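**Q** To be precise about what I am sending: the file is called start28.cif and holds mmCIF, C-alpha atoms and all ligand atoms.
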data_coords
#
loop_
_atom_site.label_atom_id
_atom_site.label_comp_id
_atom_site.auth_asym_id
_atom_site.auth_seq_id
_atom_site.Cartn_x
_atom_site.Cartn_y
_atom_site.Cartn_z
CA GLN T 1 -40.11 -21.80 -38.04
CA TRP T 2 -42.69 -21.73 -35.23
CA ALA T 3 -43.26 -19.14 -32.51
CA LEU T 4 -44.98 -19.03 -29.10
CA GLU T 5 -47.67 -16.74 -30.58
CA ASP T 6 -48.72 -19.71 -32.78
CA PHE T 7 -49.93 -21.77 -29.78
CA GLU T 8 -52.57 -21.60 -27.06
CA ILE T 9 -51.19 -23.19 -23.86
CA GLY T 10 -53.39 -25.47 -21.75
CA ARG T 11 -53.10 -27.59 -18.62
CA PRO T 12 -49.82 -29.07 -17.34
CA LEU T 13 -49.09 -32.68 -18.33
CA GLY T 14 -45.79 -33.28 -16.52
CA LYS T 15 -42.47 -32.07 -15.15
CA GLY T 16 -39.08 -33.49 -16.14
CA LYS T 17 -35.51 -32.72 -15.10
CA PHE T 18 -35.24 -30.18 -17.91
CA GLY T 19 -38.71 -28.58 -18.04
CA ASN T 20 -42.48 -28.65 -17.86
CA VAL T 21 -44.81 -30.00 -20.52
CA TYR T 22 -48.19 -28.39 -21.16
CA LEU T 23 -51.15 -29.37 -23.32
CA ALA T 24 -51.25 -26.99 -26.29
CA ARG T 25 -53.19 -26.11 -29.43
CA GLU T 26 -51.89 -24.56 -32.66
CA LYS T 27 -54.26 -21.83 -33.79
CA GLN T 28 -54.36 -22.18 -37.60
CA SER T 29 -55.05 -25.92 -37.57
CA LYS T 30 -56.48 -26.36 -34.06
CA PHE T 31 -53.99 -29.24 -33.69
CA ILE T 32 -53.75 -30.68 -30.18
CA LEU T 33 -50.22 -31.45 -29.06
CA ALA T 34 -47.88 -31.22 -26.10
CA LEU T 35 -45.48 -28.29 -25.72
CA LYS T 36 -42.39 -28.37 -23.49
CA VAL T 37 -40.74 -25.28 -21.99
CA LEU T 38 -37.00 -25.38 -21.31
CA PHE T 39 -35.31 -22.29 -19.87
CA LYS T 40 -31.98 -21.96 -21.71
CA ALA T 41 -30.54 -20.43 -18.52
CA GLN T 42 -31.36 -23.61 -16.56
CA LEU T 43 -29.81 -25.62 -19.43
CA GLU T 44 -26.49 -23.72 -19.34
CA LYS T 45 -26.19 -23.72 -15.53
CA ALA T 46 -26.23 -27.53 -15.70
CA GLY T 47 -24.06 -27.55 -18.86
CA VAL T 48 -26.62 -29.68 -20.71
CA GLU T 49 -27.08 -27.42 -23.75
CA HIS T 50 -26.02 -28.96 -27.08
CA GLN T 51 -25.57 -32.33 -25.41
CA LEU T 52 -29.36 -32.59 -25.78
CA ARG T 53 -29.72 -30.68 -29.09
CA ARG T 54 -27.99 -33.65 -30.73
CA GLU T 55 -30.82 -35.87 -29.42
CA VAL T 56 -33.38 -33.23 -30.49
CA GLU T 57 -32.13 -33.40 -34.10
CA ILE T 58 -32.16 -37.22 -33.77
CA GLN T 59 -35.58 -37.72 -32.18
CA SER T 60 -36.89 -35.58 -35.04
CA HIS T 61 -36.04 -38.43 -37.45
CA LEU T 62 -37.57 -41.20 -35.30
CA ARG T 63 -41.03 -42.07 -36.61
CA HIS T 64 -42.49 -45.14 -34.92
CA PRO T 65 -45.98 -45.55 -33.45
CA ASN T 66 -44.60 -46.73 -30.09
CA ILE T 67 -42.26 -43.73 -29.75
CA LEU T 68 -43.50 -40.23 -28.90
CA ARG T 69 -42.95 -37.96 -31.90
CA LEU T 70 -41.07 -34.66 -31.78
CA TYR T 71 -42.72 -32.47 -34.42
CA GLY T 72 -40.32 -29.53 -34.20
CA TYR T 73 -38.86 -26.84 -31.96
CA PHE T 74 -37.99 -23.15 -31.56
CA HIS T 75 -36.56 -20.61 -29.09
CA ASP T 76 -37.42 -17.10 -27.90
CA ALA T 77 -35.09 -14.73 -25.98
CA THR T 78 -34.98 -16.58 -22.65
CA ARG T 79 -36.47 -20.02 -23.47
CA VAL T 80 -36.57 -23.07 -25.77
CA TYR T 81 -39.79 -24.81 -26.88
CA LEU T 82 -40.41 -28.40 -28.05
CA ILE T 83 -43.50 -29.33 -30.05
CA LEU T 84 -44.36 -32.96 -29.28
CA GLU T 85 -47.05 -35.57 -29.84
CA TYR T 86 -49.67 -35.58 -27.12
CA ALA T 87 -50.52 -38.95 -25.56
CA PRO T 88 -54.19 -38.88 -24.47
CA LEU T 89 -54.23 -41.62 -21.79
CA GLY T 90 -51.26 -40.47 -19.70
CA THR T 91 -48.31 -42.36 -18.25
CA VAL T 92 -48.02 -46.09 -17.61
CA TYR T 93 -46.86 -45.18 -14.09
CA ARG T 94 -50.14 -43.47 -13.15
CA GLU T 95 -51.85 -46.58 -14.55
CA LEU T 96 -49.59 -49.04 -12.75
CA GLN T 97 -50.24 -47.19 -9.48
CA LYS T 98 -54.05 -47.35 -9.80
CA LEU T 99 -54.03 -51.09 -10.54
CA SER T 100 -50.86 -51.95 -8.50
CA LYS T 101 -49.78 -54.51 -11.08
CA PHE T 102 -50.84 -55.45 -14.61
CA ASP T 103 -52.19 -58.82 -15.79
CA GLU T 104 -50.22 -60.95 -18.29
CA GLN T 105 -52.13 -59.81 -21.40
CA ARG T 106 -51.54 -56.11 -20.76
CA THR T 107 -47.95 -56.86 -19.74
CA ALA T 108 -47.02 -59.04 -22.72
CA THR T 109 -48.72 -56.49 -24.97
CA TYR T 110 -46.59 -53.64 -23.59
CA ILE T 111 -43.47 -55.83 -23.89
CA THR T 112 -44.27 -56.50 -27.57
CA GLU T 113 -44.86 -52.80 -28.14
CA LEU T 114 -41.62 -51.92 -26.29
CA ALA T 115 -39.65 -54.57 -28.18
CA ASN T 116 -40.73 -53.28 -31.59
CA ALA T 117 -39.86 -49.73 -30.54
CA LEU T 118 -36.45 -50.83 -29.31
CA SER T 119 -35.79 -53.04 -32.36
CA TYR T 120 -36.58 -49.94 -34.42
CA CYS T 121 -34.23 -47.72 -32.39
CA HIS T 122 -31.46 -50.35 -32.75
CA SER T 123 -31.90 -50.41 -36.54
CA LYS T 124 -31.51 -46.61 -36.47
CA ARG T 125 -28.43 -47.15 -34.21
CA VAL T 126 -30.11 -45.64 -31.11
CA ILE T 127 -29.06 -47.38 -27.89
CA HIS T 128 -30.26 -47.36 -24.28
CA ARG T 129 -33.53 -45.51 -23.78
CA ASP T 130 -34.81 -44.85 -20.25
CA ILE T 131 -38.05 -46.82 -20.21
CA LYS T 132 -39.23 -46.43 -16.60
CA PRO T 133 -43.06 -46.47 -16.52
CA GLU T 134 -42.81 -42.75 -15.68
CA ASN T 135 -41.36 -42.31 -19.19
CA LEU T 136 -43.95 -44.48 -20.94
CA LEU T 137 -47.09 -42.81 -22.24
CA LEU T 138 -50.33 -44.23 -23.60
CA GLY T 139 -51.83 -43.25 -26.95
CA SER T 140 -55.56 -42.91 -27.63
CA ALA T 141 -56.04 -46.67 -28.03
CA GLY T 142 -53.98 -47.58 -24.95
CA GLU T 143 -50.88 -48.13 -27.09
CA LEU T 144 -47.53 -47.72 -25.35
CA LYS T 145 -45.36 -44.71 -26.33
CA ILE T 146 -41.69 -44.51 -25.30
CA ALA T 147 -41.12 -40.91 -24.15
CA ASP T 148 -37.75 -40.17 -22.45
CA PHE T 149 -35.04 -37.49 -22.83
CA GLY T 150 -31.70 -39.18 -21.94
CA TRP T 151 -28.48 -39.54 -23.97
CA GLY T 152 -30.21 -40.61 -10.78
CA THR T 153 -31.87 -44.01 -10.26
CA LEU T 154 -30.09 -47.32 -10.95
CA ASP T 155 -33.25 -49.45 -10.98
CA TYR T 156 -33.31 -49.91 -14.79
CA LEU T 157 -29.56 -49.94 -15.53
CA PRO T 158 -27.74 -53.22 -16.19
CA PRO T 159 -24.46 -54.24 -14.45
CA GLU T 160 -22.26 -53.02 -17.32
CA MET T 161 -23.53 -49.42 -17.15
CA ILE T 162 -23.29 -49.21 -13.35
CA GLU T 163 -19.90 -51.02 -13.21
CA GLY T 164 -18.28 -48.58 -15.68
CA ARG T 165 -17.77 -51.01 -18.59
CA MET T 166 -18.66 -50.59 -22.28
CA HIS T 167 -22.14 -51.60 -23.42
CA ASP T 168 -24.24 -52.24 -26.54
CA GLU T 169 -27.77 -52.98 -27.85
CA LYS T 170 -28.28 -55.62 -25.12
CA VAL T 171 -28.62 -52.97 -22.39
CA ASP T 172 -32.17 -52.45 -23.68
CA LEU T 173 -32.92 -56.15 -23.17
CA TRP T 174 -32.04 -55.91 -19.47
CA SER T 175 -34.50 -53.03 -19.22
CA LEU T 176 -37.25 -55.05 -20.89
CA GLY T 177 -36.67 -57.68 -18.19
CA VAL T 178 -36.81 -55.09 -15.41
CA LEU T 179 -40.06 -53.74 -16.90
CA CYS T 180 -41.62 -57.13 -17.59
CA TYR T 181 -41.00 -57.80 -13.92
CA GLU T 182 -42.27 -54.42 -12.70
CA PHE T 183 -45.46 -54.65 -14.79
CA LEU T 184 -46.42 -58.00 -13.24
CA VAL T 185 -45.11 -57.45 -9.70
CA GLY T 186 -45.70 -53.71 -9.29
CA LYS T 187 -42.12 -53.01 -8.23
CA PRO T 188 -38.83 -53.35 -10.12
CA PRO T 189 -36.84 -56.54 -9.26
CA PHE T 190 -33.83 -54.82 -7.64
CA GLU T 191 -35.61 -52.12 -5.64
CA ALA T 192 -33.98 -51.10 -2.36
CA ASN T 193 -33.96 -48.20 0.13
CA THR T 194 -30.45 -46.98 -0.80
CA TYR T 195 -28.43 -46.32 -3.96
CA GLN T 196 -25.57 -48.39 -2.62
CA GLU T 197 -27.76 -51.48 -1.98
CA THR T 198 -29.55 -51.35 -5.34
CA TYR T 199 -26.07 -51.21 -6.88
CA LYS T 200 -25.20 -54.55 -5.25
CA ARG T 201 -28.59 -56.09 -6.03
CA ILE T 202 -28.17 -55.22 -9.72
CA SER T 203 -24.52 -56.26 -9.73
CA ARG T 204 -25.17 -59.64 -8.09
CA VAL T 205 -28.44 -60.08 -10.04
CA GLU T 206 -30.42 -60.81 -6.88
CA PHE T 207 -34.14 -60.89 -7.73
CA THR T 208 -37.00 -63.09 -6.56
CA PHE T 209 -40.53 -63.80 -7.74
CA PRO T 210 -43.80 -63.55 -5.84
CA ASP T 211 -45.81 -66.79 -5.78
CA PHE T 212 -48.26 -65.51 -8.43
CA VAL T 213 -45.82 -65.05 -11.34
CA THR T 214 -46.30 -67.81 -13.94
CA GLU T 215 -43.49 -70.15 -15.00
CA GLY T 216 -43.53 -68.75 -18.56
CA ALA T 217 -42.96 -65.20 -17.27
CA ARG T 218 -40.29 -66.38 -14.80
CA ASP T 219 -38.61 -67.88 -17.86
CA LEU T 220 -38.59 -64.67 -19.95
CA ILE T 221 -37.53 -62.41 -17.10
CA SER T 222 -34.81 -64.89 -16.07
CA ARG T 223 -33.54 -64.94 -19.65
CA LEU T 224 -33.54 -61.15 -19.94
CA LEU T 225 -31.87 -60.53 -16.55
CA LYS T 226 -28.44 -62.10 -17.14
CA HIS T 227 -25.26 -60.46 -15.83
CA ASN T 228 -23.33 -61.39 -18.96
CA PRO T 229 -24.90 -59.38 -21.83
CA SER T 230 -23.87 -61.93 -24.48
CA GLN T 231 -26.22 -64.49 -22.89
CA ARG T 232 -29.32 -62.24 -23.17
CA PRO T 233 -31.82 -62.94 -25.98
CA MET T 234 -32.30 -60.97 -29.18
CA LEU T 235 -35.42 -58.86 -29.58
CA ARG T 236 -36.63 -61.30 -32.25
CA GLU T 237 -36.31 -64.09 -29.66
CA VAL T 238 -38.34 -62.05 -27.12
CA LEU T 239 -41.20 -61.53 -29.60
CA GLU T 240 -40.92 -65.26 -30.53
CA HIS T 241 -41.11 -66.25 -26.82
CA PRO T 242 -44.05 -68.64 -26.08
CA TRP T 243 -45.30 -66.80 -22.96
CA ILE T 244 -45.35 -63.53 -24.97
CA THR T 245 -47.12 -64.91 -28.04
CA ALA T 246 -49.70 -66.68 -25.85
CA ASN T 247 -50.81 -63.56 -23.93
CA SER T 248 -49.87 -60.68 -26.25
CA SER T 249 -52.01 -59.04 -28.94
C1 LIG S 301 -40.59 -36.62 -28.35
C2 LIG S 301 -39.29 -36.36 -27.55
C3 LIG S 301 -39.59 -36.00 -26.11
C4 LIG S 301 -40.04 -36.99 -25.24
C5 LIG S 301 -40.31 -36.67 -23.92
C6 LIG S 301 -40.16 -35.35 -23.48
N1 LIG S 301 -40.42 -35.05 -22.12
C7 LIG S 301 -41.60 -35.08 -21.53
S1 LIG S 301 -43.11 -35.41 -22.23
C8 LIG S 301 -44.00 -35.23 -20.95
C9 LIG S 301 -45.31 -35.35 -20.84
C10 LIG S 301 -46.32 -35.66 -21.97
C11 LIG S 301 -46.12 -35.45 -23.36
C12 LIG S 301 -47.12 -35.78 -24.24
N2 LIG S 301 -48.27 -36.27 -23.81
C13 LIG S 301 -48.53 -36.49 -22.51
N3 LIG S 301 -49.81 -37.04 -22.17
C14 LIG S 301 -50.49 -36.94 -20.85
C15 LIG S 301 -49.80 -36.76 -19.66
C16 LIG S 301 -50.45 -36.68 -18.42
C17 LIG S 301 -51.83 -36.78 -18.43
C18 LIG S 301 -52.57 -36.68 -17.09
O1 LIG S 301 -51.94 -36.92 -16.01
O2 LIG S 301 -53.80 -36.34 -17.07
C19 LIG S 301 -52.50 -36.96 -19.66
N4 LIG S 301 -51.83 -37.03 -20.79
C20 LIG S 301 -47.55 -36.18 -21.59
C21 LIG S 301 -43.23 -34.88 -19.73
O3 LIG S 301 -43.73 -34.70 -18.62
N5 LIG S 301 -41.67 -34.75 -20.01
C22 LIG S 301 -40.63 -34.44 -19.12
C23 LIG S 301 -39.70 -34.36 -24.35
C24 LIG S 301 -39.42 -34.69 -25.68
#
Using structure tokens, write down the structure that the file contains.
Ligand SMILES: CCc1ccc(/N=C2\S/C(=C\c3ccnc(Nc4ccc(C(=O)O)cn4)c3)C(=O)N2C)cc1
**A**
Amino acid sequence: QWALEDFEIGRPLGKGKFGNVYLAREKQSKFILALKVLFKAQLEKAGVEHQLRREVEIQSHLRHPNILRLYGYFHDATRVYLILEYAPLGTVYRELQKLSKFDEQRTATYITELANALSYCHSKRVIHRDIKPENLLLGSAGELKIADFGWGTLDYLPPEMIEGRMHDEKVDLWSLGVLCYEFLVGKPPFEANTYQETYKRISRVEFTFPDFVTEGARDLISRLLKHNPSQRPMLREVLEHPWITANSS
């Protein structure tokens, strides 16, 4: 429906595996949004075409305030364009870097926001979203927005996905643990200098806490980071968790 001639392109906002995202404005309405540019040549030399277009026509039907919206899309001769919600306050990564680590209120708040977004995805049968801080954006009121493109790094993957086995909903509860830890500590709990070592650290579930992490947070993270998926909580139970309810908004 749309065309490139409909939009005025602005400053760059980020670069992903598949393309660059620019700030953009639609002329008729003056609507501010983000526009992504994917070269269909680059897509077909990695063999990723149509693998993603499934997710494109899925994302389209995912309306939730803690998930970045995909308004629509179109293609010219040599390229493909995605019209997406623009998140004013940038990535959670950029924010985590400035501050080093987040306090418990900000952290629990993001975990609540994440949980609701994931609980929503799971109701719509969408499983395993890549929620690295680099893929988390911040809306105008500092509200978290899940913004990934997957359907490299092991840091957020649970044992089952790295060890080849089948997985379910509860993958996303491991990730919440990894992120609850990374928000408070500043570094994910299984970080290492090599792929091969992170693999072991994740497999053997070898994480430790700095002195400053509270016993309530040690509890939640410990609950979320279980090798056996069955043992992990439900998202309801995470939102119910005392440490969360105490500090969250
Ligand atoms: C909706 C489905 C979707 C999700 C993610 C996608 N991939 C993206 S989005 C993106 C960046 C992006 C999208 C929307 N809003 C912002 N907001 C920002 C970013 C940076 C700054 C800043 O540093 O000053 C300020 N605001 C950034 C991206 O880089 N990729 C790969 C593509 C489609």
**Q** T:238, T:127, T:205, T:82: which is nearest ligand LIG 301 (chain S), counting only C-alpha atoms and all ligand atoms?
**A**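 Comparing T:238, T:127, T:205, T:82 against ligand LIG 301 (chain S), the winner is T:82.
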**Q** Hey, could you pull the box centre and edge lengths for ligand LIG 301 (chain S), axis-aligned, 8 Å padding per side, all listed atoms, to one decimal in Å, as lines of an AutoDock Vina configuration file?
**A**
center_x = -46.5
center_y = -35.7
center_z = -22.2
size_x = 30.5
size_y = 18.7
size_z = 28.3
**Q** Determine, using only C-alpha atoms and all ligand atoms, which residues of chain T have any atom at most 6 Å from an atom of ligand LIG 301 (chain S), and tabulate each with its shortest atom pair and distance in Å to one decimal place, rows ordered by chain and then rising number, as a Markdown table.
**A**
| residue | atom | partner | partner_atom | distance |
| --- | --- | --- | --- | --- |
| T:13 | CA | S:LIG301 | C16 | 4.2 |
| T:14 | CA | S:LIG301 | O3 | 3.3 |
| T:15 | CA | S:LIG301 | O3 | 4.5 |
| T:16 | CA | S:LIG301 | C22 | 3.5 |
| T:21 | CA | S:LIG301 | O3 | 5.2 |
| T:34 | CA | S:LIG301 | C12 | 5.0 |
| T:68 | CA | S:LIG301 | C1 | 4.7 |
| T:69 | CA | S:LIG301 | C1 | 4.5 |
| T:70 | CA | S:LIG301 | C1 | 4.0 |
| T:84 | CA | S:LIG301 | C1 | 5.3 |
| T:85 | CA | S:LIG301 | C12 | 5.6 |
| T:86 | CA | S:LIG301 | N2 | 3.7 |
| T:87 | CA | S:LIG301 | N2 | 3.9 |
| T:88 | CA | S:LIG301 | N4 | 4.7 |
| T:89 | CA | S:LIG301 | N4 | 5.3 |
| T:90 | CA | S:LIG301 | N4 | 3.7 |
| T:91 | CA | S:LIG301 | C15 | 6.0 |
| T:147 | CA | S:LIG301 | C4 | 4.2 |
| T:148 | CA | S:LIG301 | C5 | 4.6 |
| T:149 | CA | S:LIG301 | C5 | 5.4 |
**Q** Let me see the file: selected residues, C-alpha atoms, as a compact mmCIF listing (two decimals), in the frame of the given file.
**A**
# COMPACT_ATOMS: atom_id res chain seq x y z
CA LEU T 13 -49.09 -32.68 -18.33
CA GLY T 14 -45.79 -33.28 -16.52
CA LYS T 15 -42.47 -32.07 -15.15
CA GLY T 16 -39.08 -33.49 -16.14
CA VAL T 21 -44.81 -30.00 -20.52
CA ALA T 34 -47.88 -31.22 -26.10
CA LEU T 68 -43.50 -40.23 -28.90
CA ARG T 69 -42.95 -37.96 -31.90
CA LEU T 70 -41.07 -34.66 -31.78
CA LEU T 84 -44.36 -32.96 -29.28
CA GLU T 85 -47.05 -35.57 -29.84
CA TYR T 86 -49.67 -35.58 -27.12
CA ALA T 87 -50.52 -38.95 -25.56
CA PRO T 88 -54.19 -38.88 -24.47
CA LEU T 89 -54.23 -41.62 -21.79
CA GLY T 90 -51.26 -40.47 -19.70
CA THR T 91 -48.31 -42.36 -18.25
CA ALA T 147 -41.12 -40.91 -24.15
CA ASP T 148 -37.75 -40.17 -22.45
CA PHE T 149 -35.04 -37.49 -22.83
**Q** Which residue, T:241, T:124, T:63, T:226, has the smallest gap to residue 202 in chain T when you use only C-alpha atoms?
**A** T:226
**Q** Which of these residues is nearest to residue 171 in chain T, using all atoms listed in the file: T:201, T:227, T:94, T:145?
**A**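 Answer, going by the shortest atom-to-atom distance: T:227.
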**Q** Go through T:144, T:185, T:46, T:80 and flag the residue nearest residue 4 in chain T, using only C-alpha atoms for the distances.
**A**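 Selected residue with least distance to residue 4 in chain T: T:80.
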**Q** Hey, can you check how far CA of residue 92 in chain T sits from CA of residue 134 in chain T?
**A**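 Answer for the CA of residue 92 in chain T to CA of residue 134 in chain T separation: 6.5 Å.
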**Q** Counting only C-alpha atoms, write as a PyMOL selection string all protein and nucleic acid residues lying at most 9 Å from (-45.7, -57.7, -21.5) in the file's frame.
**A** chain T and resi 102-114+176+179-181+183-184+244+247-248
**Q** Can you tell me, as a list in words, what residues are no more than 12 Å from residue 53 in chain T when counting all atoms listed in the file, ignoring any on the same chain fewer than 3 positions away?
**A**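 Once the adjacent positions are removed, what remains is residues 38, 40, 43, 48, 49, 50, 56, 57, 58, 59, 60, 72, 73, 74, 80, 81, 82, 149, 150 and 151 of chain T.
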**Q** Need the shell around residue 10 in chain T: protein/DNA/RNA residues with any atom at most 10 Å away, counting all atoms listed in the file. Skip same-chain ones fewer than 5 positions apart. Format as a tab-separated table (two decimals) with C-alpha atoms, in the coordinates of the input?
**A**
chain	number	residue	atom	x	y	z
T	21	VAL	CA	-44.81	-30.00	-20.52
T	22	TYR	CA	-48.19	-28.39	-21.16
T	23	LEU	CA	-51.15	-29.37	-23.32
T	24	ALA	CA	-51.25	-26.99	-26.29
T	25	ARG	CA	-53.19	-26.11	-29.43
T	32	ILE	CA	-53.75	-30.68	-30.18
T	33	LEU	CA	-50.22	-31.45	-29.06
T	34	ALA	CA	-47.88	-31.22	-26.10
T	35	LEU	CA	-45.48	-28.29	-25.72
**Q** Kindly indicate which residue among T:169, T:155, T:219, T:160 lies nearest to residue 196 in chain T, using all atoms listed in the file for the distances.
**A** T:155
**Q** With 12 Å as the threshold, what does the neighbourhood of (-31.0, -50.8, -13.6) contain in terms of residues, counting all atoms listed in the file? Coordinates are those of the file; answer as a PDB file with C-alpha atoms, in the frame of the given file.
**A**
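The result, stored in part.pdb:
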ATOM      1  CA  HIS T 128     -30.260 -47.360 -24.280  1.00  0.00           C
ATOM      2  CA  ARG T 129     -33.530 -45.510 -23.780  1.00  0.00           C
ATOM      3  CA  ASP T 130     -34.810 -44.850 -20.250  1.00  0.00           C
ATOM      4  CA  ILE T 131     -38.050 -46.820 -20.210  1.00  0.00           C
ATOM      5  CA  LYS T 132     -39.230 -46.430 -16.600  1.00  0.00           C
ATOM      6  CA  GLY T 152     -30.210 -40.610 -10.780  1.00  0.00           C
ATOM      7  CA  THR T 153     -31.870 -44.010 -10.260  1.00  0.00           C
ATOM      8  CA  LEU T 154     -30.090 -47.320 -10.950  1.00  0.00           C
ATOM      9  CA  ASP T 155     -33.250 -49.450 -10.980  1.00  0.00           C
ATOM     10  CA  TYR T 156     -33.310 -49.910 -14.790  1.00  0.00           C
ATOM     11  CA  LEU T 157     -29.560 -49.940 -15.530  1.00  0.00           C
ATOM     12  CA  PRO T 158     -27.740 -53.220 -16.190  1.00  0.00           C
ATOM     13  CA  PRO T 159     -24.460 -54.240 -14.450  1.00  0.00           C
ATOM     14  CA  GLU T 160     -22.260 -53.020 -17.320  1.00  0.00           C
ATOM     15  CA  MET T 161     -23.530 -49.420 -17.150  1.00  0.00           C
ATOM     16  CA  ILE T 162     -23.290 -49.210 -13.350  1.00  0.00           C
ATOM     17  CA  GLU T 163     -19.900 -51.020 -13.210  1.00  0.00           C
ATOM     18  CA  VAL T 171     -28.620 -52.970 -22.390  1.00  0.00           C
ATOM     19  CA  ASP T 172     -32.170 -52.450 -23.680  1.00  0.00           C
ATOM     20  CA  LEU T 173     -32.920 -56.150 -23.170  1.00  0.00           C
ATOM     21  CA  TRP T 174     -32.040 -55.910 -19.470  1.00  0.00           C
ATOM     22  CA  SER T 175     -34.500 -53.030 -19.220  1.00  0.00           C
ATOM     23  CA  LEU T 176     -37.250 -55.050 -20.890  1.00  0.00           C
ATOM     24  CA  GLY T 177     -36.670 -57.680 -18.190  1.00  0.00           C
ATOM     25  CA  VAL T 178     -36.810 -55.090 -15.410  1.00  0.00           C
ATOM     26  CA  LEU T 179     -40.060 -53.740 -16.900  1.00  0.00           C
ATOM     27  CA  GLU T 182     -42.270 -54.420 -12.700  1.00  0.00           C
ATOM     28  CA  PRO T 188     -38.830 -53.350 -10.120  1.00  0.00           C
ATOM     29  CA  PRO T 189     -36.840 -56.540  -9.260  1.00  0.00           C
ATOM     30  CA  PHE T 190     -33.830 -54.820  -7.640  1.00  0.00           C
ATOM     31  CA  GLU T 191     -35.610 -52.120  -5.640  1.00  0.00           C
ATOM     32  CA  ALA T 192     -33.980 -51.100  -2.360  1.00  0.00           C
ATOM     33  CA  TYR T 195     -28.430 -46.320  -3.960  1.00  0.00           C
ATOM     34  CA  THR T 198     -29.550 -51.350  -5.340  1.00  0.00           C
ATOM     35  CA  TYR T 199     -26.070 -51.210  -6.880  1.00  0.00           C
ATOM     36  CA  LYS T 200     -25.200 -54.550  -5.250  1.00  0.00           C
ATOM     37  CA  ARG T 201     -28.590 -56.090  -6.030  1.00  0.00           C
ATOM     38  CA  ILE T 202     -28.170 -55.220  -9.720  1.00  0.00           C
ATOM     39  CA  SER T 203     -24.520 -56.260  -9.730  1.00  0.00           C
ATOM     40  CA  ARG T 204     -25.170 -59.640  -8.090  1.00  0.00           C
ATOM     41  CA  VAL T 205     -28.440 -60.080 -10.040  1.00  0.00           C
ATOM     42  CA  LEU T 225     -31.870 -60.530 -16.550  1.00  0.00           C
ATOM     43  CA  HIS T 227     -25.260 -60.460 -15.830  1.00  0.00           C
TER      44      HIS T 227
END
